[PDB]
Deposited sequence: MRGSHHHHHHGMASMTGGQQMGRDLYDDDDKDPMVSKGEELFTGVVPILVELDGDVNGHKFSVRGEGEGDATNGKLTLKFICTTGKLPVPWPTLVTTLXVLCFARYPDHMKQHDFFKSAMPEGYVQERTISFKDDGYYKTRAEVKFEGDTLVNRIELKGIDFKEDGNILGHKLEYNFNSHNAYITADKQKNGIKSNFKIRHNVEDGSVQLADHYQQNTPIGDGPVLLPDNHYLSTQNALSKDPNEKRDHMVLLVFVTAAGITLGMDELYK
């Protein structure tokens, strides 16, 4: 019955408290999600000043319950099925030849707003690497994220690799491990193997003075026939 909460446009709040090689920061984002179209429209603000990492490295951390699942795949939508109680999403992001992110987030309804509250910790980054050295382009490539059921924990797992464009023409790989577990006790939908096709577009607000990122996302599920 959780899917009924996403038939219209839903406001979103995202809050992230981060710590990368000791550099603390906070990010606040607001916008709306349209699950029927698989669309996200958000604006994120660094409320502590300058962001110590490039904005593209936070995109995957900064609400898969807004993915557009086809009609023949509705029975495989774990993320909506756990709502409104929500789910915990935990990740390890390992940047090739550099440090790693450890994240824990809670995604659930607070009132009528879908809220994603995240804690991030970054360890073992190189000072002149592509991340702390701010050598990544302000863009994003389209990707596919593969979903697998975790029936022993009543949740799901996801694994994928993000390709970050580097300003010198090279590519910075970021390997992603993900696990999700429901917060409540109600029944959830445990899916067969499938993937989420995701596209992102990064831009800036010409009137915004704070360090920020304007983000439009399109997420669609695929990989199951019938």
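Novice: What ranges of the deposited sequence, counted from 1, have no C-alpha atoms in this structure?
Specialist: Several regions go unmodelled: 1-36, 99, 264-270.
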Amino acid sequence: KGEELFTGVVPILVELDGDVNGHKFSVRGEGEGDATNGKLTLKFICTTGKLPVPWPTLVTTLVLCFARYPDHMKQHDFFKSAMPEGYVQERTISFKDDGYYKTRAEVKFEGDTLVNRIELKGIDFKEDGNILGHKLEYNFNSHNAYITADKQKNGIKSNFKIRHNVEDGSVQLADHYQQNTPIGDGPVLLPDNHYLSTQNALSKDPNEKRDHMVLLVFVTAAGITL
From here on, numbers count along this sequence of modelled residues.
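Novice: Please compare 175-183 with 162-170 and say which has the higher mean C-alpha temperature factor in the record.
Specialist: Averaged over C-alpha atoms, the B-factors run higher in 162-170.
Novice: Between 74-82 and 127-135, point out the one with the higher average CA B-factor as the PDB entry records it.
Specialist: According to the PDB entry, the answer is 127-135.
Novice: Using the entry's values, work out which of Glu119, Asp97, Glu90, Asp150 has the largest Cα B factor.
Specialist: Answer for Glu119, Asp97, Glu90, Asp150: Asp97, with the highest C-alpha B-factor.
Novice: Between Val188, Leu51, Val59, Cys65, which carries the biggest CA temperature factor in the record?
Specialist: Comparing C-alpha B-factors across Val188, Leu51, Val59, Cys65, the maximum falls on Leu51.
Novice: Using only modelled residues of the chain, where does the Cα B factor of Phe109 rank: lowest third, middle third or highest third?
Specialist: Tercile = highest for this residue's CA B-factor.
Novice: Going by the entry, which third of its chain does the Cα temperature factor of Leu5 land in?
Specialist: According to the entry, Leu5 has a C-alpha B-factor in the chain's middle third.
Novice: Just say lowest, middle or highest third for the CA B-factor of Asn144 relative to the other modelled residues in its chain.
Specialist: Tercile = highest for this residue's CA B-factor.
Novice: Where does the C-alpha B-factor of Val219 rank in its chain, lowest, middle or highest third?
Specialist: Lowest third of the chain for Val219's C-alpha B-factor.
Novice: Once the chain's modelled residues are ordered by C-alpha B factor and cut into thirds, is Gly29 in the lowest, middle or highest one?
Specialist: For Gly29, the deposited C-alpha B-factor lands in the highest third.
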